[PDB]
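Visitor: Okay, handing you the structure first.
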Amino acid sequence: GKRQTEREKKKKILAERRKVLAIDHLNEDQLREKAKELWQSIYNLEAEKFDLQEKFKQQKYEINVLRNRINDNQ
Amino acid sequence: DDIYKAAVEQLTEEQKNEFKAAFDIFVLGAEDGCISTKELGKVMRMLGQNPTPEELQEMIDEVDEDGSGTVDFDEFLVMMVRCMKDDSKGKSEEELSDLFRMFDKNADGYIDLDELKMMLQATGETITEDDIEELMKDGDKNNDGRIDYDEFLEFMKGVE
Amino acid sequence: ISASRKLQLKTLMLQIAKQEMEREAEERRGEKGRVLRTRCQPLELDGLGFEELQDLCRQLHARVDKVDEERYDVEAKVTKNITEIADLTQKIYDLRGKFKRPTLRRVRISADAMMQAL
Amino acid sequence: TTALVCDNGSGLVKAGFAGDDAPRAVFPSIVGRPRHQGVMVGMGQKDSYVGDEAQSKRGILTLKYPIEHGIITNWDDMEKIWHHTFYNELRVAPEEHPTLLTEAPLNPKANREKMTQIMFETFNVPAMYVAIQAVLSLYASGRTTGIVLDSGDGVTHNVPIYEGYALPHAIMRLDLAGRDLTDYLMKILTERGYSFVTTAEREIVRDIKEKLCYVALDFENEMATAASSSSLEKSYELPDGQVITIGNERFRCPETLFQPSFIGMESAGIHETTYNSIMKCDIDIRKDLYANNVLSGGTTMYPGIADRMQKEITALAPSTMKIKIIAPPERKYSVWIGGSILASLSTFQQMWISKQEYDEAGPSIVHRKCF
Amino acid sequence: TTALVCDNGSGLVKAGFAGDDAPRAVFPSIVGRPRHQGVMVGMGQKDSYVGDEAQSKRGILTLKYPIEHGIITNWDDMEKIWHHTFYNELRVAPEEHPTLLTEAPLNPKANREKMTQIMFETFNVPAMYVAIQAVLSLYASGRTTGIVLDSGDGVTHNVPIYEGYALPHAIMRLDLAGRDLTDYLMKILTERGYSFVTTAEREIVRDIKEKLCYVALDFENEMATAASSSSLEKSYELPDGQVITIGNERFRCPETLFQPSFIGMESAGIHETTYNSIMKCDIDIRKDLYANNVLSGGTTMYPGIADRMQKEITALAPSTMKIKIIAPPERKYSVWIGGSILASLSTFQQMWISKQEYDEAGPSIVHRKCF
Ligand SMILES: Nc1ncnc2c1ncn2[C@@H]1O[C@H](COP(=O)(O)OP(=O)(O)O)[C@@H](O)[C@H]1O
Ligand SMILES: Nc1ncnc2c1ncn2[C@@H]1O[C@H](COP(=O)(O)OP(=O)(O)O)[C@@H](O)[C@H]1O
Ligand SMILES: [Mg+2]
Ligand SMILES: [Mg+2]
């Protein structure tokens, strides 16, 4: 399925499709605002990835239920 | 238990009309309720309810405890209302899955009937002959030595 | 068998379920707050010069890029495993529920009460 | 809201709301104008009695079916039938209900396009969908494979399906059905003296066919037995007296299904078009189709057909395969029960042909992705 | 941790953890998209069934192998096969397990480089190593010398080895293998009336070949005997009945191995390419290679091949040398057993291509010292 497309998509999200931006080129109050904004966005991303880890555990448990059901069903 | 008493207190009048219609159809005058289970089944089918033949058989085999046919309208009415469907599908399958996830402290894709026993023991509630044995018997109804997820579903599906 | 036993059992199981729901929700809230606090490093309002402001701001920019890449990677992993979970859900559902699909009906409701028509 | 599962059919219109067990209103699809003059004034005589009303005044009407062989030949009468079905037998305005019509396989396109155009312009439904009459009958059996022989009253068609993937190159549609059996019975009754000619008396012959005829397990032995003894002669009382006695016409009328040479048709019987439909399928799904042969439709209600067909197919098929014929007791309404099940599904809820889509592409939308 | 000994092969993917006796999961390597339309809604129909699932629904699929002759011609399908193998047949995430693929000799470089790039980027393994399919089969026999003829299903190759020193100038790779024998059998079955055309029926012909065909000790005598008596005609029941009788097609299908002129190939049979591979070796190790001829691979499982090959080589070889043909009963999984043994060695533990090494030199690392 053209894994080149998958690789380039991942790379673009890694560097281009993500909000990648040089910002430490500003005046004092504005630089403080921008640093706080990026840090808080990244903190929200921390909460998101924590929930991703939690739901990933849940999906792992669901797949365990899947295997147990399949083995018991055959 | 007390749930039956509460249901008696919350007498739904919409079904009360049909149940008193059964009262009239059965009692042909000063009748002390001889309990004609044939008439009981005919009423159950007539009033729009869908009693299983095994349910009517249980009604046949769980009446006339007095021995004289005359059964108090209280206990008979309780039997009739409970044999009538009063439930909403017993919660949701999504709730069942989430709660079973809660219950999988073993984190092994299921729970154990022994684990079930210990968890209900943590509730600090009385376990008796009605309790204890059939709890673990039907929780692991397939008797795998552990309660599977679908076993947990089948244990208490359609019950609130 | 008495259904009063099933009623009492369901009351106890409902209490178990609600207690575990609130307990897990509270634990998750606490863990979430703790993780965010220990990971989202607070910004400081004083003690740093303008040059220090710029230095720490660029440091946080780099850190933001690093952990953003990490969280996007784990998000992609979550997406792929979720696709897999959905596929296996369909697989096991076809394994089990392929027989039960037609069974879903609400039957003989109104037409059984039409004896007065003729 | 709830969906209307209508099923035009040919001979009996079956309709009802989605999610029930049986159709709410079942009535013959005939529209009969009066033919005599009429002398009483103010009697309130209408110009056309449709549906079940014209089966009670049929003595002075000229009943004419608006659907000949699956296809619709008289669009005004069909519109009248639909209007009656919606407004008087169900009493639900169509402005607030999706509809799910049914159509035989291999029918002319213009019929389907005109059907959707009528449903969207005259009755002005929110959304309608057209489904093949055999897939529904497969739904009702709760299967997902199997080859279904849906011998209706207009047309007999035989759609094989495996694992949900229909095989479009193996559909064998044959135009012998209940109506031709009625005509053949009416034609062989003349050998005893009973002559039925009027279009009203076709209904009487249909009643005779329904109540008396049966399919013989072995044809020659029955022909020999009926010609020696008299244990088969069953009598029947006409709508005015003068009982009649049907001899070996009992099993000769429905025998036409297995020997279409009786009414001059060339093709092979319903016992051999099923085997041919199977043999066109791939070599690896023939066992499953052999084991899950499904019967549906009204005309497959003859007493003793599920054994004759099994005997014939077992004669044709290889000796190792197991031949099983599914004949549910609710055969007549199998298509409509399947239609109700399909309309009640959540996954199907986005397949309807929404009205805005029709406004953008015209009636030819039905052949497109929304099939 | 434990290593994953995968073995792509061509026709059967064999995998399992290192250190066992037999592969954990063995399943055909075919990916088949459905080809018909599909009418049942909500049946949960997937877009591609891979592995052993597509050998049960093969009636409505178009199976297509992703590996033609050792080389891989369709990388997306091969990636799908690997993903299935890791996640559903073994249920071990590849992020925590080294892998040991196998590759035929004299294959294109780009195939091997793409294989390692996939394993390192998509599945993200810790370390992978690619080994020649014949050295493993020599491991499994517990020898250290010998010339191994690994007649797989894709390609037949003949690697001579002495005292652990492989002879790169004496590898004779021939592209006749089990698949060409299946096609030739399917082509000669048409001489009795049985026509198999669909890509699904190729599997049926493969089953016929596996269960009935055998290699004749002397070809002309068998051809004469089968043409007079009828003691050879063995019958076989298709997946739907209609048994078939195979006459002298039994030993004519696998005879193609020793006379590749049957399918139009120019080269000499597997009985003479082994002798040529030996004669290219030095004059002092020919006795040891004569005495330790090893057979492996699936296609060398025909009943009676270990005698025909010995007779042929004894005819070719000098009369003094002793010719011995090692044919272990576990021939089919010999390569994988050898792979498990090699992965379980302590001396081999530092030969893996570690991921940091790949990051520094790119996919072309495989041709380098870490072979
Ligand atoms: N009980 C019965 N026995 C024999 N034939 C019947 C019976 N009921 C209906 N039929 C025949 O089947 C026809 C009705 O078929 P039906 O399934 O309603 O057709 P459609 O597919 O158009 O709905 C009638 O014309 C009648 O000839
Ligand atoms: N018992 C058998 N008898 C004859 N031929 C066989 C037998 N088993 C397998 N084969 C042939 O060998 C092939 C499998 O070879 P295999 O060793 O799996 O190839 P690979 O080297 O790709 O793993 C099959 O396609 C089949 O044609
Ligand atoms: Mg029909
Ligand atoms: Mg091999």
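Ordered as shown in the structure tokens, chains take letters A, B, and onward, while each chain numbers its residues from 1 and ligands are numbered from 1 in the order shown.
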Using only C-alpha atoms and all ligand atoms, tabulate the residues of chain D lying at most 9 Å from any atom of ligand 3, each with its closest atom pair and that distance in Å to one decimal, by chain and increasing residue number, as a tab-separated table.

Guide:
residue	atom	partner	partner_atom_place_in_ligand_line	distance
D:7	CA	ligand 3	1 (Mg)	7.7
D:8	CA	ligand 3	1 (Mg)	8.1
D:9	CA	ligand 3	1 (Mg)	5.0
D:10	CA	ligand 3	1 (Mg)	7.2
D:11	CA	ligand 3	1 (Mg)	9.0
D:12	CA	ligand 3	1 (Mg)	8.6
D:102	CA	ligand 3	1 (Mg)	8.4
D:103	CA	ligand 3	1 (Mg)	8.6
D:104	CA	ligand 3	1 (Mg)	7.9
D:133	CA	ligand 3	1 (Mg)	6.4
D:134	CA	ligand 3	1 (Mg)	8.3
D:137	CA	ligand 3	1 (Mg)	8.9
D:150	CA	ligand 3	1 (Mg)	6.7
D:151	CA	ligand 3	1 (Mg)	7.3
D:152	CA	ligand 3	1 (Mg)	4.7
D:153	CA	ligand 3	1 (Mg)	7.1
D:154	CA	ligand 3	1 (Mg)	8.0
D:155	CA	ligand 3	1 (Mg)	8.3
D:156	CA	ligand 3	1 (Mg)	8.8
D:296	CA	ligand 3	1 (Mg)	8.0
D:297	CA	ligand 3	1 (Mg)	5.2
D:298	CA	ligand 3	1 (Mg)	7.1
D:332	CA	ligand 3	1 (Mg)	8.0
D:333	CA	ligand 3	1 (Mg)	8.2
D:334	CA	ligand 3	1 (Mg)	8.5
D:335	CA	ligand 3	1 (Mg)	6.4
D:336	CA	ligand 3	1 (Mg)	8.4

Visitor: Convert the current residue selection to file output with C-alpha atoms, as a PDB file, in the first residue's frame.

Guide:
ATOM      1  CA  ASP D   7     -44.130  -5.216  -0.442  1.00  0.00           C
ATOM      2  CA  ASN D   8     -45.991  -4.853  -3.722  1.00  0.00           C
ATOM      3  CA  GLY D   9     -45.879  -8.457  -4.762  1.00  0.00           C
ATOM      4  CA  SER D  10     -48.273  -9.668  -7.416  1.00  0.00           C
ATOM      5  CA  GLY D  11     -51.499 -11.074  -6.051  1.00  0.00           C
ATOM      6  CA  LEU D  12     -51.310  -9.965  -2.420  1.00  0.00           C
ATOM      7  CA  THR D 102     -39.422  -4.859  -2.999  1.00  0.00           C
ATOM      8  CA  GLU D 103     -38.696  -5.863  -6.587  1.00  0.00           C
ATOM      9  CA  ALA D 104     -38.050  -9.124  -8.387  1.00  0.00           C
ATOM     10  CA  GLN D 133     -37.165 -10.005  -2.968  1.00  0.00           C
ATOM     11  CA  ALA D 134     -34.834 -12.931  -2.307  1.00  0.00           C
ATOM     12  CA  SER D 137     -36.326 -14.042   2.410  1.00  0.00           C
ATOM     13  CA  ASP D 150     -38.908 -17.551  -4.053  1.00  0.00           C
ATOM     14  CA  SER D 151     -41.855 -18.915  -6.016  1.00  0.00           C
ATOM     15  CA  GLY D 152     -44.313 -16.058  -5.740  1.00  0.00           C
ATOM     16  CA  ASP D 153     -47.541 -15.596  -7.645  1.00  0.00           C
ATOM     17  CA  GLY D 154     -46.089 -13.587 -10.499  1.00  0.00           C
ATOM     18  CA  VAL D 155     -42.590 -14.921 -11.107  1.00  0.00           C
ATOM     19  CA  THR D 156     -40.325 -17.613  -9.659  1.00  0.00           C
ATOM     20  CA  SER D 296     -40.123 -18.982   0.270  1.00  0.00           C
ATOM     21  CA  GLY D 297     -43.044 -17.307  -1.447  1.00  0.00           C
ATOM     22  CA  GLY D 298     -46.688 -18.258  -1.442  1.00  0.00           C
ATOM     23  CA  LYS D 332     -45.904 -16.728   2.849  1.00  0.00           C
ATOM     24  CA  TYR D 333     -44.742 -13.672   4.782  1.00  0.00           C
ATOM     25  CA  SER D 334     -41.060 -14.612   4.776  1.00  0.00           C
ATOM     26  CA  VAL D 335     -40.137 -11.781   2.421  1.00  0.00           C
ATOM     27  CA  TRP D 336     -41.968  -9.228   4.511  1.00  0.00           C
TER      28      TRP D 336
END

Visitor: Write down, as a PyMOL selection string, each residue of chain A that has any atom within 6 Å of an atom of chain C, counting only C-alpha atoms.

Guide: chain A and resi 14+24+35+42-43+49

Visitor: E:46, E:14, E:97, E:331: which is nearest chain C, counting only C-alpha atoms?

Guide: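 That would be E:46, the residue with the smallest distance to chain C.
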
Visitor: Would you mind writing down, as an MDAnalysis selection string, each residue of region 103-307 of chain D that DSSP on the backbone assigns to helix (DSSP H, G or I)?

Guide: chainID D and resid 109:121 133:140 168:170 178:191 201:212 219:226 249:252 254:257 270:279 286:291 298:301 305:307

Visitor: Go ahead and write the residues just picked, C-alpha atoms, as a PDB file, in the first residue's frame.

Guide:
ATOM      1  CA  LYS D 109     -35.193  -0.616 -15.296  1.00  0.00           C
ATOM      2  CA  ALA D 110     -38.052   1.675 -16.295  1.00  0.00           C
ATOM      3  CA  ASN D 111     -40.328  -0.102 -13.831  1.00  0.00           C
ATOM      4  CA  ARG D 112     -38.014   0.626 -10.903  1.00  0.00           C
ATOM      5  CA  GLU D 113     -37.349   4.218 -11.964  1.00  0.00           C
ATOM      6  CA  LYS D 114     -41.060   4.944 -12.372  1.00  0.00           C
ATOM      7  CA  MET D 115     -41.697   3.380  -8.970  1.00  0.00           C
ATOM      8  CA  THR D 116     -39.210   5.685  -7.270  1.00  0.00           C
ATOM      9  CA  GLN D 117     -40.463   8.706  -9.203  1.00  0.00           C
ATOM     10  CA  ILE D 118     -44.023   8.028  -8.079  1.00  0.00           C
ATOM     11  CA  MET D 119     -42.994   7.511  -4.464  1.00  0.00           C
ATOM     12  CA  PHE D 120     -41.054  10.774  -4.455  1.00  0.00           C
ATOM     13  CA  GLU D 121     -43.432  13.007  -6.414  1.00  0.00           C
ATOM     14  CA  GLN D 133     -37.165 -10.005  -2.968  1.00  0.00           C
ATOM     15  CA  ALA D 134     -34.834 -12.931  -2.307  1.00  0.00           C
ATOM     16  CA  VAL D 135     -32.271 -11.315  -0.014  1.00  0.00           C
ATOM     17  CA  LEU D 136     -35.082 -10.463   2.387  1.00  0.00           C
ATOM     18  CA  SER D 137     -36.326 -14.042   2.410  1.00  0.00           C
ATOM     19  CA  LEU D 138     -32.778 -15.018   3.288  1.00  0.00           C
ATOM     20  CA  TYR D 139     -32.773 -12.476   6.125  1.00  0.00           C
ATOM     21  CA  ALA D 140     -35.929 -13.950   7.617  1.00  0.00           C
ATOM     22  CA  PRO D 168     -25.155 -12.088 -10.003  1.00  0.00           C
ATOM     23  CA  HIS D 169     -24.266 -14.553 -12.748  1.00  0.00           C
ATOM     24  CA  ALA D 170     -26.256 -17.419 -11.198  1.00  0.00           C
ATOM     25  CA  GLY D 178     -49.122 -19.238  -9.086  1.00  0.00           C
ATOM     26  CA  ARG D 179     -51.121 -17.377 -11.718  1.00  0.00           C
ATOM     27  CA  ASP D 180     -50.197 -19.819 -14.464  1.00  0.00           C
ATOM     28  CA  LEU D 181     -51.115 -22.670 -12.142  1.00  0.00           C
ATOM     29  CA  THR D 182     -54.510 -21.059 -11.582  1.00  0.00           C
ATOM     30  CA  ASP D 183     -55.052 -20.760 -15.325  1.00  0.00           C
ATOM     31  CA  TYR D 184     -53.971 -24.346 -15.923  1.00  0.00           C
ATOM     32  CA  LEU D 185     -56.260 -25.609 -13.172  1.00  0.00           C
ATOM     33  CA  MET D 186     -59.127 -23.614 -14.665  1.00  0.00           C
ATOM     34  CA  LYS D 187     -58.280 -25.212 -18.003  1.00  0.00           C
ATOM     35  CA  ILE D 188     -58.185 -28.813 -16.764  1.00  0.00           C
ATOM     36  CA  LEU D 189     -61.348 -28.473 -14.708  1.00  0.00           C
ATOM     37  CA  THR D 190     -63.198 -28.358 -18.016  1.00  0.00           C
ATOM     38  CA  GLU D 191     -62.526 -32.083 -18.410  1.00  0.00           C
ATOM     39  CA  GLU D 201     -64.547 -16.975 -11.319  1.00  0.00           C
ATOM     40  CA  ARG D 202     -60.761 -17.040 -11.531  1.00  0.00           C
ATOM     41  CA  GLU D 203     -60.905 -16.200  -7.833  1.00  0.00           C
ATOM     42  CA  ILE D 204     -63.059 -19.267  -7.205  1.00  0.00           C
ATOM     43  CA  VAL D 205     -60.596 -21.441  -9.084  1.00  0.00           C
ATOM     44  CA  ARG D 206     -57.804 -19.903  -7.023  1.00  0.00           C
ATOM     45  CA  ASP D 207     -59.634 -20.867  -3.841  1.00  0.00           C
ATOM     46  CA  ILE D 208     -60.050 -24.411  -5.130  1.00  0.00           C
ATOM     47  CA  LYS D 209     -56.327 -24.573  -5.861  1.00  0.00           C
ATOM     48  CA  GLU D 210     -55.387 -23.283  -2.425  1.00  0.00           C
ATOM     49  CA  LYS D 211     -57.677 -25.565  -0.467  1.00  0.00           C
ATOM     50  CA  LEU D 212     -57.469 -28.845  -2.382  1.00  0.00           C
ATOM     51  CA  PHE D 219     -46.314 -38.580 -10.213  1.00  0.00           C
ATOM     52  CA  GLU D 220     -46.847 -41.840 -12.108  1.00  0.00           C
ATOM     53  CA  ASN D 221     -47.882 -43.821  -9.038  1.00  0.00           C
ATOM     54  CA  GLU D 222     -50.429 -41.159  -8.124  1.00  0.00           C
ATOM     55  CA  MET D 223     -51.766 -41.096 -11.676  1.00  0.00           C
ATOM     56  CA  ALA D 224     -52.188 -44.870 -11.528  1.00  0.00           C
ATOM     57  CA  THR D 225     -53.823 -44.829  -8.088  1.00  0.00           C
ATOM     58  CA  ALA D 226     -56.292 -42.052  -8.884  1.00  0.00           C
ATOM     59  CA  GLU D 249     -56.851 -32.722 -11.020  1.00  0.00           C
ATOM     60  CA  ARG D 250     -55.646 -32.349  -7.440  1.00  0.00           C
ATOM     61  CA  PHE D 251     -51.974 -33.148  -8.011  1.00  0.00           C
ATOM     62  CA  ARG D 252     -51.906 -32.391 -11.739  1.00  0.00           C
ATOM     63  CA  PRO D 254     -49.182 -28.107  -9.090  1.00  0.00           C
ATOM     64  CA  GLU D 255     -47.205 -30.713 -11.008  1.00  0.00           C
ATOM     65  CA  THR D 256     -46.757 -28.034 -13.669  1.00  0.00           C
ATOM     66  CA  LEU D 257     -44.024 -26.585 -11.457  1.00  0.00           C
ATOM     67  CA  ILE D 270     -38.204 -25.737 -10.321  1.00  0.00           C
ATOM     68  CA  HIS D 271     -36.446 -28.953  -9.335  1.00  0.00           C
ATOM     69  CA  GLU D 272     -33.839 -28.578 -12.079  1.00  0.00           C
ATOM     70  CA  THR D 273     -33.382 -24.830 -12.309  1.00  0.00           C
ATOM     71  CA  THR D 274     -32.192 -24.902  -8.698  1.00  0.00           C
ATOM     72  CA  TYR D 275     -29.574 -27.524  -9.540  1.00  0.00           C
ATOM     73  CA  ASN D 276     -28.521 -25.525 -12.593  1.00  0.00           C
ATOM     74  CA  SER D 277     -28.299 -22.379 -10.485  1.00  0.00           C
ATOM     75  CA  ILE D 278     -26.060 -24.234  -8.044  1.00  0.00           C
ATOM     76  CA  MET D 279     -23.811 -25.677 -10.743  1.00  0.00           C
ATOM     77  CA  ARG D 286     -21.651 -25.959  -3.660  1.00  0.00           C
ATOM     78  CA  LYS D 287     -21.785 -28.026  -0.466  1.00  0.00           C
ATOM     79  CA  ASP D 288     -23.062 -25.093   1.581  1.00  0.00           C
ATOM     80  CA  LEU D 289     -25.681 -24.226  -1.030  1.00  0.00           C
ATOM     81  CA  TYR D 290     -26.753 -27.875  -1.141  1.00  0.00           C
ATOM     82  CA  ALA D 291     -27.192 -27.942   2.618  1.00  0.00           C
ATOM     83  CA  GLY D 298     -46.688 -18.258  -1.442  1.00  0.00           C
ATOM     84  CA  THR D 299     -46.710 -20.944  -4.109  1.00  0.00           C
ATOM     85  CA  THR D 300     -44.299 -23.106  -2.129  1.00  0.00           C
ATOM     86  CA  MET D 301     -47.054 -23.806   0.401  1.00  0.00           C
ATOM     87  CA  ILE D 305     -43.524 -30.005  -1.910  1.00  0.00           C
ATOM     88  CA  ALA D 306     -40.606 -29.950   0.530  1.00  0.00           C
ATOM     89  CA  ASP D 307     -40.298 -33.709   0.052  1.00  0.00           C
TER      90      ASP D 307
END

Visitor: Find the residues of chain C in contact range of chain B, meaning any atom within 10 Å when counting only C-alpha atoms, and list them as a list in words.

Guide: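 Per the criterion, chain C yields residues 1, 2, 3, 4, 5, 6, 7, 8, 9, 10, 11, 12, 13, 14, 15, 16, 17, 18, 19, 20, 21, 23, 24, 108, 109, 110, 112 and 113 of chain C.
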
Visitor: Between CA of residue 199 (chain E) and CA of residue 64 (chain E), what is the spacing in Å?

Guide: 7.8 Å

Visitor: Would you mind listing what lies within 9 Å of residue 61 (chain A) as a PyMOL selection string, with only C-alpha atoms counted and same-chain residues fewer than 3 positions away left out?

Guide: (chain A and resi 56-58+64-66) or (chain B and resi 101+107-109)

Visitor: Can you work out which residues from chain A touch chain E at a cut-off of 10 Å (counting only C-alpha atoms) and hand them back as a list in words?

Guide: residues 1, 2, 3, 6, 7 and 67 of chain A

Visitor: Given only C-alpha atoms and all ligand atoms as the basis, pick out the residue of D:157, D:369, D:57, D:234 nearest to ligand 1.

Guide: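 Closest to ligand 1 of all the choices is D:157.
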
Visitor: How many Å lie between CA of residue 4 (chain D) and CA of residue 98 (chain C), rounded to one decimal?

Guide: 25.9 Å

Visitor: Figure out the distance between CA of residue 339 (chain E) and CA of residue 358 (chain E), please, to one decimal in Å.

Guide: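 Computed distance, CA of residue 358 (chain E) to CA of residue 339 (chain E), equals 22.5 Å.
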
Visitor: When distances are computed from only C-alpha atoms and all ligand atoms, which of E:123, E:236, E:258, E:302 shows the smallest separation from ligand 2?

Guide: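 The answer is E:302, which sits nearest to ligand 2.
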
Visitor: Determine which residues of chain B receive a DSSP assignment of strand (DSSP E or B), computed from the backbone, and state them as a ChimeraX atom specification.

Guide: /B:90,111,147,158

Visitor: So that I can see what lies close to residue 353 (chain D), please list as a PyMOL selection string the residues with an atom at most 10 Å from it, counting only C-alpha atoms and leaving out residues fewer than 5 positions away in the same chain.

Guide: chain D and resi 98-99+116+126-130+358+365-366+369-371
